[PDB]
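What follows draws every value from the coordinates through simple rules; no lab data is involved. Cβ sites come from the backbone with ideal geometry, for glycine too, and all protein chains shown count toward neighbours.
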Amino acid sequence: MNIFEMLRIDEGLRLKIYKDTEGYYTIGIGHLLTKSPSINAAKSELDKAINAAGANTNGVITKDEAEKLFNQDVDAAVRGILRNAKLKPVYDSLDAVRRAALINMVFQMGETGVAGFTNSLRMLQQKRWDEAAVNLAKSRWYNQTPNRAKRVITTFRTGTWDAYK
């Protein structure tokens with residue numbers, strides 16, 4: 001398995017605009033378009049990214065057009081991670097599988113969002129899986145999206161893809 005499939009599952013692939021876990025106008029594979037409650041707004045940032053990467057876009061989108069955005073979003077993640085000091089070191093000390101569990105997190109709540117987990121990051125640098133996997137268990141992250149949190153924690157705690165079999 002790999003980070004792309006991991007998120008594909010954890011995000012799903014919807015070609016028409018949908019609402020985030022928080023109800024933000026998102027599309028494709030977890031690609032947020034706008035936090036604004038405006039429907040036309042989404043389609044604006046949408047059409048923006050689509051006929052860019054004389055047609056339009058009314059909620060709908062085409063696969064691989066969604067995978068183009070997904071591919072960047074993910075890279076932009078690894079970029080966010082390396083540009084942040086709290087995250088670059090952790091990310092660098094982790095194995096193939098665990099690097100993906102962090103990429104996932106930054107993907108879901110952004111660079112600085114996953115940079116806030118200061119303690120769980122320490123535990124992770126010291127390769128204290130179980131201890132770090134229990135620490136992450138306490139946070140709005142886990143509280144708000146436990147199913148997602150359970151899979152990523154598991155991945156951190158075991159270093160395997162068991163939660164995604």
*Test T57 against the stated conditions and say whether it is exposed (fewer than 14 other Cβ atoms within 10 Å of the Cβ) and at negative phi.*
no
*What is the residue count in the range 17-42 for residues that are touching a helix residue (DSSP H, G or I) at 6+ places or on another chain (Cβ under 8 Å) and closer than 13 Å to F107 by Cα?*
3
*From the list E5, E45, pick out the single residue that is touching a strand residue (DSSP E or B) at 6+ places or on another chain (Cβ under 9 Å), surrounded by fewer than 19 Cβ atoms within 10 Å (Cβ to Cβ) and assigned to a helix (DSSP H, G or I).*
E45
*Could you give me the residue pairs with C-beta distances under 6 Å whose first residue belongs to the range 20-41 and is assigned to a strand (DSSP E or B), whose second residue is among the polar types (S, T, N, Q) wherever it lies, and which are 6+ apart or on separate chains?*
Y25/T34; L32/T26
*Look through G110, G80 and report the one residue that is within 12 Å of the chain's Cα centre (by Cα), on the phi > 0 side of the Ramachandran plot and of a type outside the set (D, E).*
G110
*Please give the helices (runs of 4 or more DSSP H) falling wholly within the range 102-153 in which 1 or more residues are surrounded by 14 or more Cβ atoms within 10 Å (Cβ to Cβ), out of contact with any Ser or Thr (no Cβ under 9 Å at 6 or more places or on another chain) and among the basic types (K, R).*
118-125
